[PDB]
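A short write-up of the structure that comes next.
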Amino acid sequence: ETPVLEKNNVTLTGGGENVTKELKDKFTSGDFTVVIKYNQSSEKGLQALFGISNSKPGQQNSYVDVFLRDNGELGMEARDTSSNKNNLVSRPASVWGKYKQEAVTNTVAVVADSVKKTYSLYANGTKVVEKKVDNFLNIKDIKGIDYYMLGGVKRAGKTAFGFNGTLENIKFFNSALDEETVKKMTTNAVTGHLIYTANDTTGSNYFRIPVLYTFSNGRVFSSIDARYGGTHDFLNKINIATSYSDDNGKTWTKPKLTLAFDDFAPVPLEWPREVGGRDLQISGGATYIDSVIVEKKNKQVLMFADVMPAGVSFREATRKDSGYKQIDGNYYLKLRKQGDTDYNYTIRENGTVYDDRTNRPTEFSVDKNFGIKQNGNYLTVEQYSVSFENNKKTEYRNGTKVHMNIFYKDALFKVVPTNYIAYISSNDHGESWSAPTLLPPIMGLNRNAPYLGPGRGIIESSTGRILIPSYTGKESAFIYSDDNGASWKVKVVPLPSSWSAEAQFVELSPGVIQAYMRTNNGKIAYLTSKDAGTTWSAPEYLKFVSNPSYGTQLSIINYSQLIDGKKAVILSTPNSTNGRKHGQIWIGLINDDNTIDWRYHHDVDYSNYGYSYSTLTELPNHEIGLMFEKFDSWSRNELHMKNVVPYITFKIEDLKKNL
């Protein structure tokens with residue numbers, strides 16, 4: 013309940029402060045909790061917030077500490093020289109470094125619990141890790157502890173891991189405080205930058221692929237992947253969740269599930285992060301993934317997403333079948349009934365399922381949310397849950413009956429196991445949505461649908477054409493409507509190599525459009541159209557971004573206000589050959605000849621901090637909103653982490669840097 017020691021406002025420059033006299037032998041049980049509110053003046057090197065050690069020659073592997081790395085990783089050590097027990101518990105991407113040129117105040121904590129044999133670490137309101145270890149050490153288990161310090165570890169008479177910064181408040185407790193208390197204690201201004209959080213109203217512990225859009229009524233809208241079984245692209249269960257703000261991004265609605273299947277329950281799952289287990293996946297729930305948003309000229313809002321039947325992955329999907337038949341000039345989604353070899357059925361007018369062999373209606377039908385009926389009554393299946401008690405994953409039928417659905421593995425009639433694109437519409441700026449509409453097979457009957465480029469669509473100003481970015485793995489696929497979204501066509505552009513070409517558009521001048529996109533060669537590519545997306549140039553490449561060959565998604569938007577007398581675009585991307593890190597926001601000024609002068613940039617946090625997928629929007633007051641993956645979402649070391657997708661705002665003056 014009350015600390016054995018509390019200190020305030022201790023500024024350090026790598027030297028530490030001895031507090032041995034104020035801690036000596038105060039950890040009676042040997043358990044501990046230490047809560048540290050701090051900021052770093054420099055991020056370089058491994059830095060300890062505190063160190064409790066045997067400082068004598070030869071005992072340099074007898075200490076407890078909590079530490080920070082230059083990549084945002086928070087960890088702790090607990091080591092005993094004589095028994096050769098060496099415990100290290102941590103999670104990447106746990107803290108923030110700097111924000112708009114200034115040191116961020118974080119609050120972190122460590123709890124050591126002898127009865128549970130666990131070490132737990134907390135950062136800004138989140139329990140980032142709790143790990144049971146066989147070789148558990150408490151302070152009494154480490155022999156001859158004799159030195160207690162702030163801002164380093166005393167090892168063989170010298171200070172190691174010197175902290176550079178201010179310890180604004182540090183509290184030491186001689187017991188293991190409970191989780192709700194410590195979450196509360198660590199909650200601060202950083203916590204308020206999370207819109208989506210682990211086990212909120214989505215039920216997901218994990219999130220990826222954020223998207224931001226500002227509507228013409230001033231509402232700021234966000235969408236994201238709620239990924240339940242860790243952060244895996246596949247196999248997984250994924251829903252699209254949404255949340256909005258009516259006050260310029262200051263406060264946000266409780267998240268809602270907007271696109272969601274219910275073959276698997278949306279539940280918080282503890283996905284393992286060890287080298288064995290982290291590769292584990294569920295068997296696969298039907299999935300929506302990778303959202304794109306656009307507002308039409310009439311103020312209707314459209315959201316697109318990829319749709320995946322349960323158990324099917326992007327890599328295994330058949331690329332030789334659209335999942336449609338053409339019968340009497342119309343495109344009908346086709347179905348295979350359990351036990352049949354061929355696809356003998358189609359969904360036709362009113363959702364009536366026809367037997368294509370006899371060309372007559374069956375007693376079965378499919379509603380607009382893909383649920384299956386027989387004689388006007390719904391068929392049901394049992395929903396699955398996943399549990400992880402210790403180390404063993406189990407999937408089981410959970411007692412809930414849900415509507416049978418053509419995307420589920422337990423359905424009597426099933427779609428082709430490939431990918432599809434769906435869209436929904438809203439007439440109330442995101443408060444409610446229509447039932448989904450599957451795109452027709454615009455790639456051809458014998459090709460799979462494209463994969464969407466997460467972010468936004470645009471309306472080209474001179475023609476009114478709606479453009480939706482997508483890709484196939486070998487080509488760009490620019491999806492478009494010329495009839496205000498009643499029907500859809502595609503422009504397919506072959507690419508120099510097999511890019512995962514996630515793309516976004518900007519308009520330079522009336523009729524002139526650029527598509528900026530991810531590649532497999534380390535650069536960001538851009539293609540240019542001078543006829544509103546009908547024809548496209550060969551790729552050009554940005555000169556100042558150099559990334560790994562796998563690449564990352566980007567965000568680029570038009571900005572409404574003049575910067576230095578010029579129309580501007582704003583770009584967000586990682587920029588680093590060592591991983592998804594060194595996030596930058598760039599400002600491009602459109603020249604008279606429609607080339608771009610990339611004149612300014614701002615680094616988002618320090619350069620070794622993680623930065624993956626991102627999304628930009630212009631707020632109603634002309635500030636900029638950014639939401640991004642503040643971690644490396646490619647790296648096998650940073651999978652399955654909670655509360656790592658923050659929202660932040662910038663004034664143009666915050667971005668106009670590095671001339």
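In this text, residue positions in the sequence shown follow my numbering: the first is 13, and each later residue adds one.
We treat Cβ as the ideally placed atom computed from N, Cα and C, and that holds for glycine.
- Comparing alpha-carbon positions, the option among 332, 76, 553, 349 lying closest to residue 430 turns out to be 332.
- For residue 436, DSSP records a beta bridge to 315.
- The alpha-carbon of residue 658 is positioned some 22 Å away from that of residue 530.
- Around residue 502, the same chain offers 454, 489, 491 as residues with beta carbons nearer than 6 Å, after the five sequence neighbours per side are excluded.
- Between the stretch 620-631 and the stretch 159-169, the count of Cβ pairs shorter than 8 Å is below three; the stretches do not touch.
- Our two residues, residue 566 and residue 355, have alpha carbons roughly 39 Å apart in a direct line.
- The closest CA to that of residue 150, considering only 99, 451, 507, is found on 99.
- Under DSSP, residue 255 shares a beta bridge with 234.
- Taken in chain order, the complete beta strand (DSSP E) segments of 3 or more residues contained in the stretch 88-141 are 97-103, 118-125, 130-135.
- Linking residue 273 to residue 416 through their CA atoms gives a straight-line distance of about 11 Å.
- Cβ contact annotation for residue 38 (same chain, cutoff 7 Å, sequence separation greater than five): 16, 186, in chain order.
- The Cβ neighbour count for residue 556, taken over all protein chains shown within 10 Å, is under 16; the residue is labelled exposed.
- Comparing alpha-carbon positions, the option among 328, 134, 104 lying closest to residue 48 turns out to be 134.
- The beta carbons of residue 549 and residue 532 sit no closer together than 8 Å.
- Close CB contacts of residue 228 within its chain, under the 7 Å cut and outside five residues either way in sequence, are with 307, 311 (chain order).
- Take residue 265, set aside five residues on each side of it, and the residues of its chain with a beta-carbon closer than 7 Å to its own are 255, 256, in chain order.
- With a cutoff of 8 Å on beta-carbon distance, residue 173 and residue 59 are scored as near each other.
- DSSP places residue 664 in the uninterrupted alpha helix (DSSP H) bounded by 664-667.
- Taking the C-beta atoms as reference points, residue 223 is found nearer than 8 Å to residue 467.
- By the Cβ-count criterion, residue 313 is buried, with 16 or more other Cβ atoms from all chains shown falling within 10 Å of its own Cβ.
- Assigned with DSSP and collapsed to three states, residue 153 falls in helix.
- DSSP places residue 372 in the strand class (E or B) of the three-state scheme.
- The DSSP-derived three-state label of residue 328 is coil.
- Between the beta-carbon of residue 560 and that of residue 585 there is about 12 Å, and that puts the pair past the 8 Å contact cut.
- Annotated three-state conformation of residue 27 is coil, per DSSP.
- Here residue 347 is near residue 358, since their CB atoms are less than 8 Å apart.
- Residue burial is scored here from C-beta neighbours: residue 189 has at least 16 other C-beta atoms within 10 angstroms and is therefore classed as buried.
- Considered as a whole, the stretch 492-568 harbours 501-506, 515-521, 524-529, 537-541 as its complete beta strand (DSSP E) runs of no fewer than 3 residues, in chain order.
- In the DSSP annotation of this structure, the continuous segment of the alpha helix (DSSP H) that includes residue 196 starts and ends at 191-198.
- Going by C-alpha positions, residue 68 is about 56 Å away from residue 610.
- Secondary structure note for residue 35: its alpha helix (DSSP H) is the uninterrupted segment 32-35.
- When secondary structure is reduced to three states using DSSP, residue 609 falls in the strand class.
- Ranked by how close their Cα comes to the Cα of residue 246, the residues 321, 225, 217 have 321 in first place.
- Boundaries of the beta strand (DSSP E) around residue 358: 357-359.
- In the displayed model, residue 381 falls within coil according to three-state DSSP, outside both helix and strand.
- Counting along the chain, the unbroken beta strand (DSSP E) around residue 180 starts and ends at 176-185.
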